[PDB]
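One structure is given here, and the rest of the page talks about it.
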Amino acid sequence: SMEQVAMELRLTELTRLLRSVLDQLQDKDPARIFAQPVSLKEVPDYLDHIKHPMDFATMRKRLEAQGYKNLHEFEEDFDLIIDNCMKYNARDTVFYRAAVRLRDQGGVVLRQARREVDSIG
(Lines give C-alpha, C1' and ligand atoms only; values in the text may rest on other atoms or scores of the structure.)
Protein backbone atom coordinates (compact mmCIF):
# COMPACT_ATOMS: atom_id res chain seq x y z
CA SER A 1 0.00 0.00 0.00
CA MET A 2 0.84 3.72 -0.42
CA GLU A 3 -0.03 4.23 3.32
CA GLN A 4 3.01 2.05 4.26
CA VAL A 5 5.25 4.18 1.91
CA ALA A 6 4.14 7.37 3.77
CA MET A 7 4.62 5.64 7.15
CA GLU A 8 8.19 4.81 6.03
CA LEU A 9 8.63 8.43 4.83
CA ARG A 10 8.19 9.43 8.54
CA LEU A 11 10.48 6.61 9.79
CA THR A 12 13.17 7.35 7.15
CA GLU A 13 13.22 10.95 8.32
CA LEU A 14 13.09 10.16 12.09
CA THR A 15 16.17 8.03 11.36
CA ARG A 16 17.52 11.05 9.45
CA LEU A 17 16.88 13.31 12.52
CA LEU A 18 18.08 10.64 14.99
CA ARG A 19 21.39 10.45 13.10
CA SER A 20 22.05 14.12 13.79
CA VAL A 21 21.22 13.77 17.50
CA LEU A 22 23.53 10.80 17.89
CA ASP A 23 26.37 12.80 16.28
CA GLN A 24 26.02 15.72 18.73
CA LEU A 25 25.91 13.39 21.76
CA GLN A 26 28.97 11.50 20.54
CA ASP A 27 30.81 14.86 20.18
CA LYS A 28 30.23 15.29 23.96
CA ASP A 29 32.46 12.13 24.33
CA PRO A 30 35.80 13.29 22.83
CA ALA A 31 37.61 10.64 24.92
CA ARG A 32 35.56 7.90 23.18
CA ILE A 33 34.95 6.17 26.52
CA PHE A 34 31.45 5.27 25.23
CA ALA A 35 32.22 4.68 21.50
CA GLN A 36 32.47 0.93 21.57
CA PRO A 37 30.93 -1.79 23.63
CA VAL A 38 32.86 -2.71 26.82
CA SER A 39 35.22 -5.58 25.94
CA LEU A 40 34.29 -8.98 27.38
CA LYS A 41 37.89 -10.06 26.76
CA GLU A 42 39.11 -7.24 29.00
CA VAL A 43 36.18 -7.27 31.46
CA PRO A 44 35.12 -10.93 31.39
CA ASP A 45 32.80 -10.41 34.44
CA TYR A 46 31.01 -7.39 32.83
CA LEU A 47 27.67 -9.16 32.36
CA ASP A 48 27.66 -10.24 35.99
CA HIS A 49 27.35 -6.47 36.68
CA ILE A 50 25.48 -4.86 33.77
CA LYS A 51 22.56 -6.85 32.34
CA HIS A 52 21.96 -4.56 29.31
CA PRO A 53 25.27 -3.17 27.90
CA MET A 54 24.96 -0.15 25.65
CA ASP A 55 27.28 1.99 23.54
CA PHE A 56 27.41 4.42 20.62
CA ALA A 57 28.50 1.91 17.92
CA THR A 58 25.58 -0.31 19.01
CA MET A 59 23.04 2.58 18.95
CA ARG A 60 24.34 3.51 15.45
CA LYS A 61 23.88 0.00 13.97
CA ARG A 62 20.27 0.00 15.13
CA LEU A 63 19.69 3.48 13.75
CA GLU A 64 20.98 2.60 10.24
CA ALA A 65 18.67 -0.42 10.60
CA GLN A 66 15.76 2.06 11.12
CA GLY A 67 15.38 0.15 14.33
CA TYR A 68 14.21 3.03 16.57
CA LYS A 69 10.45 3.71 16.54
CA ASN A 70 10.37 6.98 18.48
CA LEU A 71 12.62 9.38 20.42
CA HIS A 72 11.77 7.56 23.75
CA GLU A 73 13.41 4.39 22.40
CA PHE A 74 16.57 6.38 21.49
CA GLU A 75 16.61 8.21 24.89
CA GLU A 76 16.44 4.87 26.79
CA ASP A 77 19.55 3.58 25.05
CA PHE A 78 21.44 6.78 25.78
CA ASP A 79 20.54 6.55 29.49
CA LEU A 80 21.77 2.90 29.65
CA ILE A 81 25.12 4.05 28.44
CA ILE A 82 25.35 6.57 31.34
CA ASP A 83 23.60 4.65 34.07
CA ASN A 84 25.60 1.46 33.34
CA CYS A 85 28.86 3.39 33.60
CA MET A 86 27.76 5.09 36.76
CA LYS A 87 27.12 1.75 38.40
CA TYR A 88 30.09 -0.18 37.06
CA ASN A 89 32.72 2.47 37.81
CA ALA A 90 33.24 4.12 41.24
CA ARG A 91 32.56 7.87 41.68
CA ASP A 92 36.24 8.93 41.76
CA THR A 93 36.96 7.70 38.22
CA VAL A 94 37.55 9.19 34.80
CA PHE A 95 34.81 6.85 33.56
CA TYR A 96 32.10 7.81 36.07
CA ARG A 97 33.11 11.47 35.79
CA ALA A 98 32.83 11.25 31.97
CA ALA A 99 29.31 9.85 32.21
CA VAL A 100 28.31 12.81 34.42
CA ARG A 101 29.65 15.23 31.79
CA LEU A 102 27.85 13.37 28.98
CA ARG A 103 24.61 13.38 30.96
CA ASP A 104 24.83 17.12 31.71
CA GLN A 105 25.82 18.16 28.21
CA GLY A 106 23.36 15.74 26.55
CA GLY A 107 20.38 17.30 28.44
CA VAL A 108 20.51 20.39 26.22
CA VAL A 109 20.68 18.47 22.92
CA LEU A 110 17.82 16.12 23.94
CA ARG A 111 15.71 18.98 25.32
CA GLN A 112 15.67 20.42 21.71
CA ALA A 113 15.25 17.13 19.82
CA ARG A 114 12.02 16.41 21.81
CA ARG A 115 10.78 19.78 20.59
CA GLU A 116 11.82 18.95 16.91
CA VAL A 117 10.00 15.55 16.84
CA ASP A 118 6.83 17.04 18.40
CA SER A 119 6.91 20.09 16.08
CA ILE A 120 7.61 18.14 12.83
CA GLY A 121 5.29 15.27 13.90
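Labels used: A, B, ... for chains in the order of the C-alpha coordinates, numbers from 1 for residues in each chain, and numbers from 1 for ligands as shown.
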Those in chain A with alpha helix (DSSP H) from DSSP, as a PyMOL selection string: chain A and resi 2-27+46-49+56-64+71-88+94-120
Contacts of range 37-43 of chain A at 9 Å (only C-alpha atoms; same-chain gap of 6+ positions) as a PyMOL selection string: chain A and resi 53-58
Writer output for current selection, N, CA and C atoms, as a PDB file, in the first residue's frame:
ATOM      1  N   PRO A  53      24.204  -4.032  28.424  1.00  0.00           N
ATOM      2  CA  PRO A  53      25.269  -3.168  27.904  1.00  0.00           C
ATOM      3  C   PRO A  53      24.782  -2.266  26.798  1.00  0.00           C
ATOM      4  N   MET A  54      25.296  -1.040  26.747  1.00  0.00           N
ATOM      5  CA  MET A  54      24.955  -0.149  25.650  1.00  0.00           C
ATOM      6  C   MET A  54      26.117   0.765  25.336  1.00  0.00           C
ATOM      7  N   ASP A  55      26.230   1.109  24.051  1.00  0.00           N
ATOM      8  CA  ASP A  55      27.282   1.990  23.540  1.00  0.00           C
ATOM      9  C   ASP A  55      26.861   2.678  22.234  1.00  0.00           C
ATOM     10  N   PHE A  56      27.679   3.636  21.814  1.00  0.00           N
ATOM     11  CA  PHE A  56      27.407   4.421  20.620  1.00  0.00           C
ATOM     12  C   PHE A  56      27.420   3.563  19.328  1.00  0.00           C
ATOM     13  N   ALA A  57      28.455   2.755  19.121  1.00  0.00           N
ATOM     14  CA  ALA A  57      28.496   1.908  17.925  1.00  0.00           C
ATOM     15  C   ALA A  57      27.302   0.933  17.808  1.00  0.00           C
ATOM     16  N   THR A  58      26.694   0.634  18.941  1.00  0.00           N
ATOM     17  CA  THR A  58      25.580  -0.306  19.006  1.00  0.00           C
ATOM     18  C   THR A  58      24.294   0.427  18.625  1.00  0.00           C
TER      19      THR A  58
END
Selection near range 82-89 of chain A, 9 Å with only C-alpha atoms, sequence-local residues under 2 positions removed, as a PyMOL selection string: chain A and resi 34+46+49-54+78-80+91-100+102-103
Residue contacts of residue 66 in chain A (10 Å, only C-alpha atoms) excluding same-chain residues fewer than 2 positions away, as number ranges by chain: A: 8, 11-16, 18, 60-64, 68-69
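Nearest residue to residue 116 in chain A among A:75, A:17, A:45, A:35 is A:17, counting only C-alpha atoms.
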Residues near residue 28 in chain A, cut-off 8 Å, only C-alpha atoms, skip fewer than 6 positions along chain, as a VMD selection string: chain A and resid 101 to 102 105 to 106
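Between CA of residue 76 in chain A and CA of residue 3 in chain A lies a distance of 28.7 Å.
Proximity to residue 21 in chain A was assessed for A:112, A:4, A:70, A:36 counting only C-alpha atoms; the smallest distance is recorded for A:112.
If only C-alpha atoms are the atoms counted, then among A:121, A:59, A:72, A:108 the closest residue to residue 22 in chain A is A:59.
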